[PDB]
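Q: Take a look at the following structure, please.
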Amino acid sequence: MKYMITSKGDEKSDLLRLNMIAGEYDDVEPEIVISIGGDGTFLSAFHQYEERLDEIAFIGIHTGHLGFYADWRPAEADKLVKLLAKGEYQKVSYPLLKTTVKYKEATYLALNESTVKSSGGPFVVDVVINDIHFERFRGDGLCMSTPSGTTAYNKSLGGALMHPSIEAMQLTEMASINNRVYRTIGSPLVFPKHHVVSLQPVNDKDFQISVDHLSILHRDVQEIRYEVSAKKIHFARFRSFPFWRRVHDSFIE
Amino acid sequence: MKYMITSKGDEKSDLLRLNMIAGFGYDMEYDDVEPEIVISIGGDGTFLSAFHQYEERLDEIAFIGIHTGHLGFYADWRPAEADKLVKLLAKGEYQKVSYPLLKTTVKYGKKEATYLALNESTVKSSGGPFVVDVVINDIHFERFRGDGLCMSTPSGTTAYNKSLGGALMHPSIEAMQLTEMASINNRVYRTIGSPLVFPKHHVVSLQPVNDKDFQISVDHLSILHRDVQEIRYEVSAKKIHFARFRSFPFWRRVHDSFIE
Amino acid sequence: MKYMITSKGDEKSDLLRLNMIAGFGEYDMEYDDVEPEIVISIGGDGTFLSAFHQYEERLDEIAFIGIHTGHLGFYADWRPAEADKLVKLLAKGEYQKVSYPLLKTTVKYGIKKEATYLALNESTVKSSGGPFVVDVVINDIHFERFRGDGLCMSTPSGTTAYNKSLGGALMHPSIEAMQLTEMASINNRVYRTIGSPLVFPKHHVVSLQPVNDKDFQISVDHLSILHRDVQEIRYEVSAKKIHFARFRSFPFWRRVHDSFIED
Amino acid sequence: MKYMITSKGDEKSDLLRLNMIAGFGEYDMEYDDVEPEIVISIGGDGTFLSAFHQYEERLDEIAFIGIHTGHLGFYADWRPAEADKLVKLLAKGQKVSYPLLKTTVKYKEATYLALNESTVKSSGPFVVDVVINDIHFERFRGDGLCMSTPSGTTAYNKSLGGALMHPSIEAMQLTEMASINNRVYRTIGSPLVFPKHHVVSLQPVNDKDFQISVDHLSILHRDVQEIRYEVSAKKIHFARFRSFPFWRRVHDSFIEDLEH
Ligand SMILES: Nc1ncnc2c1nc(SCC(=O)NCCc1cccc(Br)c1)n2[C@@H]1O[C@H](CO)[C@@H](O)[C@H]1O
Ligand SMILES: Nc1ncnc2c1nc(SCC(=O)NCCc1cccc(Br)c1)n2[C@@H]1O[C@H](CO)[C@@H](O)[C@H]1O
Ligand SMILES: Nc1ncnc2c1nc(SCC(=O)NCCc1cccc(Br)c1)n2[C@@H]1O[C@H](CO)[C@@H](O)[C@H]1O
Ligand SMILES: Nc1ncnc2c1nc(SCC(=O)NCCc1cccc(Br)c1)n2[C@@H]1O[C@H](CO)[C@@H](O)[C@H]1O
């Protein structure tokens with residue numbers, strides 16, 4: 001079982017990694033990626049292997065608080081190393097979000113969400129759903145979230161928490177003015193498979209596109225397209241940790 | 001084939017109804033016992049009544065909605081197109097689109113009651129405070145206190161669910177959404193706040209705390225349930241069937257309702 | 001000083017009530033439930049609301065005092081163990097009065113005559129069956145046409161109650177105003193509403209006018225009664241204020257802190 | 001008396017500006033762009049915001065007038081076509097005052113006067129402690145906090161879910177910005193309205209580098225120890241000629257404007 005282990009950068013994350021590397025290691029051709037740190041560290045491990053997501057099972061270990069991705073306690077590593085080498089383990093697939101920027105295309109993959117902000121002034125775009133105009137937005141920005149990313153930025157924006165077994169994407173508003181000229185729906189929008197949300201600029205055409213907090217200052221933007229990606233992220237399932245339990249322990253104590 | 005038409009009650013619906021019935025005088029016969037096509041004329045509430053009127057044979061009935069007033073999400077056919085609809089289904093040249101439904105189970109302390117919802121199923125209190133425990137898949141999630149709770153169908157998300165601050169879902173997604181009704185997050189009764197979208201095979205159980213009397217409403221059919229032990233929510237295996245002739249996208253229909 | 005005490009009805013409240021009465025007996029304190037100058041509410045916020053409505057004609061000659069036998073309330077903020085020190089401060093008259101604004105609700109019919117109600121928390125208006133459809137007229141000028149469950153006008157002190165659960169803003173009771181909050185507005189193109197909570201100052205009148213149905217379920221501090229053939233429902237900050245006998249200094253924001261955050 | 005006119009930038013705001021300056025020359029009206037008694041803004045609310053900060057040291061002897069070249073503004077409520085009447089009414093000689101927000105930053109004590117709001121973001125994660133009148137209230141974590149003026153409730157505050165407050169009420173409102181409310185960081189959620197003499201002290205937790213924006217004048221402050229909020233004694237004055245109610249401007253902005 002060719003595997004590969006990432007680390008945050010602290011002493012503990014670099015130490016426990018050595019405690020697991022003792023019990024083949026391939027960083028170019030991995031089948032088992034073990035993230036050590038938190039959810040942010042897990043995101044970096046995801047972006048490191050986007051091209052080969054269809055051949056990789058991910059495992060998250062938190063050296064800090066309980067994360068929706070990094071859930072395994074550091075003490076579980078001694079039992080985690082033996083079960084992964086056993087060869088017998090079932091995978092769990094979560095949907096992903098595809099983000100295309102038009103000018104020559106520019107595709108992106110997101111595990112949490114992909115937000116579109118402004119590069120200084122107001123954010124004014126036209127929301128086009130399946131080649132049909134829906135609304136003209138004005139405010140801070142917009143947020144298209146993955147089912148697993150709903151518990152992140154999406155929830156803080158007033159989004160709905162949906163179970164990752166649902167193949168869809170959720171669009172939420174970011175401080176919409178919502179007046180006569182720029183009447184927005186207000187409510188979060190959940191789009192299924194093969195549904196495309198096309199963001200079209202009115203002016204400016206310079207937006208701050210952020211994919212999992214990786215915010216790039218895109219210039220000369222003519223179109224931004226969102227859709228449920230065909231590629232799915234696989235998790236190595238050993239124990240039983242229900243999604244709603246993880247949500248309960250996070251926000252409801 | 002066999003068909004029937006329900007009416008809202010106003011002159012506009014009953015007159016338009018008789019005008020369409022005479023149009024089937026094709027190989028169409030009127031029958032309100034075992035129909036193959038059911039036409040609703042009036043509003044969404046009129047359509048909901050036609051749903052429960054024939055919720056015993058949903059798998060053999062195609063519904064068609066006609067709105068005499070403003071645009072509805074079920075009744076989306078304008079009375080000006082009533083002429084074309086008669087000939088269209090007369091030849092049987094149309095497709096079939098299915099939307100998910102919601103199953104509501106009420107257990108007492110006895111038997112049990114099962115209900116089907118096209119819009120949503122809401123549970124409020126019989127006057128005083130509404131205090132229950134939210135159980136998801138035999139696992140506790142929160143203790144709710146406030147007015148009530150709302151479990152919505154994907155197609156019903158644009159109804160009461162939206163006004164309660166819920167999220168809109170496309171009716172091709174087989175799921176259900178739970179939204180709060182004036183919850184009081186005062187450290188004693190911590191709730192999630194955010195709407196919760198549950199997939200298939202997931203069971204959301206509402207278990208009472210002190211009071212055991214609840215006002216359970218299924219698509220605005222509220223009847224008092226005394227001595228309730230459990231209220232279970234899950235996506236029904238039964239599906240409503242529409243007879244879409246043209247192409248009226250769900251999101252486009254949302255745009256014409258709220259955005260315009 | 002004429003006084004009286006209301007009780008929640010449980011063992012603890014009734015017991016504490018009797019001992020407090022005997023405590024006042026040691027001083028110049030006369031018991032009177034007809035014309036009291038001091039009204040003590042032993043129980044909760046719900047018990048406090050009953051005591052308020054019990055004497056809503058003598059609000060000026062009365063300084064209310066709340067005692068909570070259970071969890072902390074925004075009105076009943078005195079612990080039962082402090083009932084002994086409460087008497088000794090009341091008997092001497094060693095206290096100052098703090099006033100909170102109130103909400104006036106005026107109901108007009110097809111004139112049988114008229115009806116006015118005072119609210120300490122809020123006043124809600126809903127339908128008696130179908131949809132709730134009214135025109136919101138702010139100062140003789142039409143603002144919006146509403147459709148949904150209803151509308152809730154809250155007092156500053158009542159913002160921590162039903163108002164907060166409906167997404168309303170929390171106001172400090174020193175501010176003389178009122179807050180209108182929506183109750184499940186459909187908010188479409190036909191019935192476009194503001195969505196946001198509205199805070200109206202004094203001398204501002206919010207008029208609710210029927211569109212079709214004239215039967216409305218009006219609830220003042222959860223005293224819900226059915227009003228038929230309603231012509232108009234007016235909202236405005238009353239000139240009457242509830243008075244509290246202040247001894248210590250319990251911050252309103254701390255009461256919010258202890259109730260919704262941690263304590 | 002002395003007057004001046006500020007312009008947006010486009011030809012529309014400049015052409016209308018010159019037209020007014022000419023008309024006032026026919027009346028006894030001195031022209032000073034340094035020490036005026038009357039300041040006229042042409043363009044929009046953003047143009048008015050600039051006209052406020054440009055002369056925020058002489059708010060005592062200045063009555064502002066707003067003219068919207070585009071859509072209706074809450075500070076620019078006069079129409080371009082009504083400019084001819086405006087020149088006449090200002091030449092012949094009521095005044096309305098709105099509350100202002102005082103933003104104090106301690107690292108040197110910097111003072112800021114906001115007409116709309118004063119937001120505080122981070123630089124990544126924004127984490128501060130909220131202190132109200134020398135006592136702890138909550139520990140915030142999210143995008144940031146927004147303290148708004150009564151007249152500024154219709155701006156960023158409304159978009160953040162804040163309540164609309166009439167300018168007659170001398171107060172300030174605090175709203176959350178994408179707050180993550182969980183076990184560790186439990187916030188109130190609801191917007192908070194503060195009366196006069198009430199001080200909201202924002203004190204850092206982790207990093208001392210916060211982005212402070214007073215009326216879109218985003219300035220990165222370094223080594224901040226405390227950010228105070230209070231209802232400023234300074235009040236912006238307006239010139240009244242025609243009754244244009246605050247709730248009307250709210251209606252004509254967010255609801256509908258049938259006569260336009
Ligand atoms: N989302 C907002 N909605 C309705 N008012 C806002 C918003 N945002 C700010 S300023 C905060 C900000 O920089 N947001 C980034 C995008 C943006 C910028 C300026 C205007 C707009 Br719109 C959007 N405002 C108001 O803009 C005024 C300055 O022109 C300030 O008073 C903000 O209140
Ligand atoms: N307020 C948020 N609540 C709950 N998730 C968030 C939030 N904000 C972001 S990122 C957007 C951002 O720059 N917000 C400004 C302040 C901030 C920054 C980072 C994290 C946090 Br927390 C706050 N996230 C999620 O953090 C994920 C990991 O980087 C990002 O993908 C967002 O999903
Ligand atoms: N959802 C609410 N959240 C936080 N305060 C409320 C709420 N609802 C009301 S009364 C409205 C109502 O009929 N609600 C039905 C369920 C219910 C009833 C009473 C209390 C409660 Br909690 C729930 N209140 C406050 O209860 C006080 C009466 O003792 C009133 O002043 C309401 O403000
Ligand atoms: N506020 C709502 N917003 C948008 N849809 C609603 C709402 N309320 C219900 S029903 C819940 C209810 O009893 N509300 C009391 C007032 C009311 C009644 C019927 C319709 C309306 Br509108 C208001 N609905 C939808 O109306 C259908 C009734 O035919 C229900 O299925 C709800 O989906």
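These residue numbers are counts, starting from 1, taken along the chain as shown.
Every residue, even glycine, has its Cβ placed from backbone N, Cα and C.
Annotation source Swiss-Prot lists active site, proton acceptor at D:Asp45, citing experimental evidence. What Swiss-Prot lists as NAD(+) binding site is D:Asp45, D:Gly46, D:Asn116, D:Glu117, D:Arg141, D:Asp143, D:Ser151, D:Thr154, D:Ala155, D:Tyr156, D:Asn157, D:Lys158, D:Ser159, D:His216.
The PDB entry lists D:258-260 with the feature expression tag.
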Q: Gap validation: 4 unmodelled residues, flanks D:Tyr107 and D:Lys108. CA-CA distance in Å?
A: 7
Q: D:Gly93 and D:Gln94 flank 2 unmodelled residues; Cα separation in Å?
A: 9
Q: Taking DSSP states H, G and I as helix and E and B as strand, how many residues of the expression tag (D:258-260) are helix, strand and coil?
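A: Going by DSSP assignments, the expression tag (D:258-260) contains 0 helix, 0 strand, 3 coil.
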Q: How big is the Cα-to-Cα gap, in Å, between D:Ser151 (NAD(+) binding site) and D:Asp45 (active site, proton acceptor)?
A: 11
Q: What Cα-Cα separation, expressed in whole Å, is found between the residue listed as 'active site, proton acceptor' and D:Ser159 (NAD(+) binding site)?
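A: D:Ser159 (NAD(+) binding site) has its Cα 16 Å from the Cα of the residue listed as 'active site, proton acceptor'.
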Q: Look at the recorded positions D:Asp45, D:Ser151, D:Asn157 and tell me which residue has the greatest number of other C-beta atoms within 10 angstroms of its C-beta.
A: D:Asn157
Q: What residues, ordered by sequence, lie under 8 A Cβ-to-Cβ from D:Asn116 (NAD(+) binding site) and sit at least six positions away in the same chain?
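A: D:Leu49, D:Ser148, D:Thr149, D:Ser151, D:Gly152, D:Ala155, D:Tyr156, D:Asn157, D:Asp215 - these are the non-local Cβ neighbours of D:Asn116 (NAD(+) binding site), listed in sequence order.
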Q: Under 8 Å Cβ-Cβ from D:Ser159 (NAD(+) binding site), six or more apart in the same chain: what's there?
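A: D:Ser159 (NAD(+) binding site) has no long-range Cβ partners.
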Q: Around ligand 1, within a Cβ distance of under 6 Å, which of the binding-site residues D:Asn116, D:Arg141, D:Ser151, D:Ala155, D:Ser159 show up?
A: D:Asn116, D:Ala155, D:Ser159
Q: Give the maximum pairwise CA distance in Å, whole number, for the residues D:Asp45, D:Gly46, D:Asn116, D:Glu117, D:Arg141, D:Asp143, D:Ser151, D:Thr154, D:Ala155, D:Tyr156, D:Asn157, D:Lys158, D:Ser159, D:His216 listed as binding NAD(+).
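A: Farthest-apart Cα atoms in D:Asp45, D:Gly46, D:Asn116, D:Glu117, D:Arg141, D:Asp143, D:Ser151, D:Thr154, D:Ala155, D:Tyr156, D:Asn157, D:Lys158, D:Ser159, D:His216 are separated by 30 Å.
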